[PDB]
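Each chain gets a letter, A, B and so on, in the order the sequences are listed, and its residues count up from 1. As the structure lists them, so they are numbered: ligands from 1, and atoms in each ligand from 1.
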Amino acid sequence: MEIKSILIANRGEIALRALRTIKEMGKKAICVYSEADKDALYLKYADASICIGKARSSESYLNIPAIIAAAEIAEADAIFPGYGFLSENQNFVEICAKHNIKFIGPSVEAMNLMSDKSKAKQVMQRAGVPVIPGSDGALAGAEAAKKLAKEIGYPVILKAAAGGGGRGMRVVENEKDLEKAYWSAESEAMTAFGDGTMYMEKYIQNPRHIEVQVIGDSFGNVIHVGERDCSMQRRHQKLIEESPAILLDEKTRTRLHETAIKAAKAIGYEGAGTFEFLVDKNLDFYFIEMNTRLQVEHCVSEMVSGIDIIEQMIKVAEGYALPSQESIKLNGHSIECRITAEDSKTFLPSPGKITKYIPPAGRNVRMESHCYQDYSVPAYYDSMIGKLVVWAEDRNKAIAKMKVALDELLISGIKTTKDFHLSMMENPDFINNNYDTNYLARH
Amino acid sequence: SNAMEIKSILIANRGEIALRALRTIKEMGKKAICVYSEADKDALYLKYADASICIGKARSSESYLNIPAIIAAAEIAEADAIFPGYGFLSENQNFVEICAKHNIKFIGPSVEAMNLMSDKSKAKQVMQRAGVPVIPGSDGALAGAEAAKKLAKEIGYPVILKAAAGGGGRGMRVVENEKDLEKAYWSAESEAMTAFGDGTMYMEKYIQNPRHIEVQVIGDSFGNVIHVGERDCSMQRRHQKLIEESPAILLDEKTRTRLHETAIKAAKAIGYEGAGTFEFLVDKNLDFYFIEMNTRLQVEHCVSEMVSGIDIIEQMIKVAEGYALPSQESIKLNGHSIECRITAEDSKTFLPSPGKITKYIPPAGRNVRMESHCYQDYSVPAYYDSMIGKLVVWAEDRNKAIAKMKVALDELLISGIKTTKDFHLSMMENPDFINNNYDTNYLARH
Ligand SMILES: Nc1ncnc2c1ncn2[C@@H]1O[C@H](COP(=O)(O)OP(=O)(O)NP(=O)(O)O)[C@@H](O)[C@H]1O
Ligand SMILES: Nc1ncnc2c1ncn2[C@@H]1O[C@H](COP(=O)(O)OP(=O)(O)NP(=O)(O)O)[C@@H](O)[C@H]1O
Ligand SMILES: C[As](C)(=O)[O-]
Ligand SMILES: C[As](C)(=O)[O-]
Ligand SMILES: [Ca+2]
Ligand SMILES: [Ca+2]
Ligand SMILES: [Ca+2]
Ligand SMILES: [Ca+2]
């Protein structure tokens with residue numbers, strides 16, 4: 001069921017990333033833009049570009065009728081959602097199907113199983129996947145939370161079932177703080193996502209965050225493309241990602257891959273997706289959630305595996321079979337550094353016009369960016385400049401390679417996190433892999 | 001070996017190769033020292049260097065060819081080794097000996113091995129004694145115009161006259177008939193005198209519609225020699241390379257295996273240390289013949305890097321420090337790689353287009369390498385070297401690499417000067433290229 005033309009329902013670096021793969025496969029790449037993004041670089045490269053609305057950028061790109069009408073006028077027979085925006089919108093996936101447009105991504109059934117994080121955990125217990133101890137499904141309210149927290153033991157973390165981007169979570173150390181924390185997370189979740197359902201889990205001290213990339217196809221096969229360590233986090237936001245996660249010994253790594261493949265087959269998962277785990281000092285691992293879409297840091301997995309994940313997403317959507325797991329060879333080490341237009345100490349946005357742009361290059365350096373000299377970055381809305389990705393034979397060489405690349409990135413007119421990443425590459429804790437999700441919080 | 005450890009390297013070169021060398025040197029943790037003439041003060045790699053020495057007056061590319069200035073730069077910067085790149089001093093035997101005199105490691109082969117292969121007519125003789133096939137021709141240099149006449153009849157027309165000290169494609173004349181021979185001999189002999197100070201000519205049979213295939217080798221100080229596969233560089237304009245690729249799909253595995261073993265045998269026969277390239281021509285029956293060896297890194301090395309996973313310059317440096325190369329068995333050749341040379345010349349006429357680059361946006365993406373030192377606002381002196389950069393892609397097979405080249409080329413946006421981008425885009429769409437029906441003369445009959 002060949003796809004001939006694909007509309008990219010997204011913007012920024014992922015639009016350009018997708019465009020490149022789409023055009024290499026000989027398919028047509030259709031782009032959309034709000035009036036704010038009319039200077040976007042990939043608009044120059046696309047087979048057609050459709051203006052989909054007002055520069056309330058967040059808005060227009062979420063305007064389902066506009067995206068649909070663009071697919072139809074442009075005669076796209078498929079939509080690639082990327083990440084953010086409409087990629088996890090169940091209503092969009094259904095609507096696409098009603099217009100006989102192929103959503104590249106999983107079925108609504110699977111997306112629905114994992115969309116509420118407390119239920120997702122129950123679905124995983126049924127599949128025999130380890131989860132953090134906590135509430136069994138959602139909390140009835142602040143008084144069920146008090147009861148539960150005493151049984152589990154403090155500290156605990158309250159989490160929004162409908163939560164994302166680290167919003168709607170509160171770590172609670174003593175019972176005397178609980179009620180306040182509950183209602184603070186409830187309010188934030190209510191306003192942010194329209195759903196204030198909370199669940200509770202044990203708060204793991206200094207966990208490593210480790211995720212497994214899978215892709216599933218229409219025949220029930222599911223492969224893994226290795227695991228990524230995303231522990232270097234500021235305020236629960238990922239700054240630096242790596243594959244493989246060297247913390248893991250071979251045996252644990254195999255357990256984790258197998259666990260993730262099993263979870264995917266259990267829910268009928270098709271397309272690209274990621275299972276996130278927390279790993280404690282025991283090297284015990286716990287499922288915390290599944291992302292039902294491609295993620296920002298997928299490039300790290302591409303450089304160790306030699307797979308084009310977006311190409312596989314497209315082939316799976318066309319009815320093709322994935323390659324055998326035995327053909328996937330993971331090699332060497334890959335690091336990604338997110339370059340954003342923020343001050344490297346405060347992480348406060350730094351919008352403005354780029355007056356000089358000289359991106360790094362070289363063997364096994366991949367700068368994923370839609371930016372260029374004279375481009376204006378609207379940092380309030382997407383401070384992302386680009387992802388700097390390197391690959392080497394081992395971790396030390398990847399770190400040395402990343403530092404040379406970062407040094408070669410020349411950007412004027414705005415501040416960037418470049419200096420944050422450079423000082424991280426030189427930080428003995430980073431070099432020695434002695435850190436965790438709260439490392440930045442205590443430095 | 002630990003006493004032979006290199007801490008600091010001076011790059012006696014300019015342009016894209018200075019930048020390419022700089023990156024590898026700094027990733028290894030050694031100091032990269034750059035040099036520049038006054039016309040190159042705006043060069044991008046001078047901002048990335050640990051130190052930069054101005055070595056003289058621009059106009060004369062002489063400053064890069066000024067040995068005292070280069071040695072003085074190395075000594076003021078406390079460089080313990082010099083990386084020569086290609087062109088310039090990379091094949092200057094006197095500069096090599098001078099380096100050893102000042103206790104500076106020259107990253108490249110010994111003066112002996114370089115001397116053995118430097119006269120192209122004598123090199124063929126060395127290859128024959130090593131049991132390497134060569135093209136029938138003169139046995140050493142021709143005595144002169146009359147010896148050429150007699151010999152061309154023996155070996156049969158057409159023949160090609162070649163300057164023993166030749167390079168760049170200068171000092172060569174194809175001769176199809178005896179009537180043209182004498183005039184051709186003198187035209188080439190005098191060009192060769194002007195260009196090289198040596199007029200020595202040799203002769204070989206002119207292969208019709210040849211494919212140009214070369215093998216990349218690296219040798220170490222232990223006598224180990226590895227290959228990094230072979231490259232097809234057949235798409236030439238006036239004997240100049242424009243597009244290179246690896247592997248050469250023209251070949252079957254048995255011929256590929258024989259060509260690899262021949263290159264390995266040749267390098268051992270001459271005790272070759274460092275990166276080097278063996279050049280062959282391949283005729284209609286898939287027989288191959290040595291035409292020359294390049295005792296240095298070449299421009300198109302990146303193609304072999306992408307199919308093999310080897311940083312060739314990194315290996316060069318390890319070799320200079322006394323390390324052993326990896327085993328042949330550990331070298332895995334995979335997929336397919338293509339390189340397009342982007343130059344500041346009109347895509348139709350190939351006439352230089354000097355000027356300021358007012359817009360520069362390079363391609364990128366998975367398995368795409370733009371090797372370039374240019375940037376927006378840079379001025380390209382195309383009269384002096386018109387290289388903007390090399391665009392190199394890799395993919396799982398040839399057709400996929402060609403489709404990737406087209407997308408990468410489409411995304412290369414340059415303004416203010418003309419480039420060969422359109423030449424390359426039209427080659428990627430040319431059915432003869434896709435079908436692998438071309439040769440060194442294809443562009444000439446089109
Ligand atoms: N039970 C836990 N114990 C310790 N740390 C946790 C726990 N749960 C979450 N965290 C931390 O909070 C981060 C994010 O949690 P997560 O469940 O992924 O929420 P989120 O808001 O969906 N994340 P995201 O939308 O992808 O940015 C994790 O990466 C951990 O660093
Ligand atoms: N015997 C031959 N028969 C047919 N073509 C030949 C022959 N010898 C050389 N050529 C052609 O001329 C090109 C260059 O020959 P070469 O001997 O490498 O001279 P050159 O000036 O040293 N090369 P270079 O300096 O590296 O650009 C070859 O690639 C062939 O296209
Ligand atoms: C993005 As959600 C917490 O509704 O799966
Ligand atoms: C001196 As020579 C013909 O080997 O470049
Ligand atoms: Ca999430
Ligand atoms: Ca998460
Ligand atoms: Ca030559
Ligand atoms: Ca040659």
Asks: List below, pair by pair, the N or O atoms of ligand 1 and of the protein that are less than 3.5 Å apart, including the distance to 0.1 Å; reply 'none' if no pair qualifies.
Replies:
unit_1   : atom_1 : unit_2 : atom_2 : d
ligand 1 : 1 (N)  : A/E201 : OE2    : 2.8
ligand 1 : 1 (N)  : A/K202 : O      : 3.1
ligand 1 : 3 (N)  : A/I204 : N      : 3.1
ligand 1 : 8 (N)  : A/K159 : NZ     : 3.0
ligand 1 : 8 (N)  : A/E201 : OE2    : 3.4
ligand 1 : 17 (O) : A/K117 : NZ     : 2.9
ligand 1 : 17 (O) : A/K159 : NZ     : 2.9
ligand 1 : 18 (O) : A/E276 : OE1    : 3.3
ligand 1 : 18 (O) : A/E289 : OE2    : 3.3
ligand 1 : 19 (O) : A/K117 : NZ     : 3.1
ligand 1 : 21 (O) : A/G165 : N      : 3.4
ligand 1 : 21 (O) : A/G166 : N      : 2.6
ligand 1 : 22 (O) : A/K117 : NZ     : 2.9
ligand 1 : 22 (O) : A/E289 : OE1    : 3.3
ligand 1 : 22 (O) : A/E289 : OE2    : 3.3
ligand 1 : 25 (O) : A/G165 : N      : 2.5
ligand 1 : 29 (O) : A/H209 : ND1    : 2.9
ligand 1 : 29 (O) : A/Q233 : OE1    : 3.3
ligand 1 : 29 (O) : A/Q233 : NE2    : 3.2
ligand 1 : 31 (O) : A/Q233 : OE1    : 3.2

Asks: Which heavy atom in A/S231 sits nearest to a heavy atom in A/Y435, and how many Å separate them?
Replies: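 Shortest heavy-atom separation between A/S231 and A/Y435 comes out as CB-CE1, 3.8 Å.
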Asks: Within the supplied structure, the quantity of interest is the number of heavy atoms (other residues, nucleotides, ligands) at a distance under 6.0 Å from A/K202 NZ; does it exceed 12?
Replies: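 Enclosed: over 12 neighbouring heavy atoms sit under 6.0 Å from NZ of A/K202.
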Asks: Looking at CG of A/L239 and CD of A/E297, how far apart are the two atoms once the value is rounded to the nearest 0.5 Å?
Replies: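 The distance works out to 11.5 Å.
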Asks: If we only consider heavy atoms of B/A165, is any one of them less than 4.0 Å away from an atom in ligand 4?
Replies: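 So B/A165 counts as touching ligand 4.
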Asks: Quick one: nearest non-hydrogen protein atom to atom 1 (C) of ligand 3, plus distance?
Replies: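 Ranking protein heavy atoms by distance from atom 1 (C) of ligand 3, first comes A/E88 OE1, 3.9 Å.
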Asks: Do other residues, nucleotides or ligands put more than 12 heavy atoms under 6.0 Å from A/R442 CZ?
Replies: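 Correct, the count exceeds 12.
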Asks: How close does the nearest protein non-hydrogen atom get to atom 3 (C) of ligand 3, and which residue and atom is it?
Replies: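 Result for atom 3 (C) of ligand 3: A/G163 O, 2.8 Å.
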Asks: On the 0 to 90° scale, with breaks at 30° and 60°, tag the B/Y86-B/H301 ring pair as parallel, tilted or perpendicular.
Replies: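 Tilted: the ring planes of B/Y86 and B/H301 meet at 30° to 60°.
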Asks: Just to be sure I read this right, does ligand 4 sit under 4.0 Å from the backbone of B/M117, its side chain, both, or neither, counting only heavy atoms?
Replies: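 The part of B/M117 near ligand 4 is the backbone, not the side chain.
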Asks: Counting only nitrogen or oxygen atoms and a 3.5 angstrom limit, does A/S115 reach ligand 3?
Replies: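 There is such a contact, yes.
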Asks: At the 4.0 Å heavy-atom cut-off, does A/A161 count as touching ligand 3?
Replies: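 Per 4.0 Å heavy-atom rule, A/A161 contacts ligand 3.
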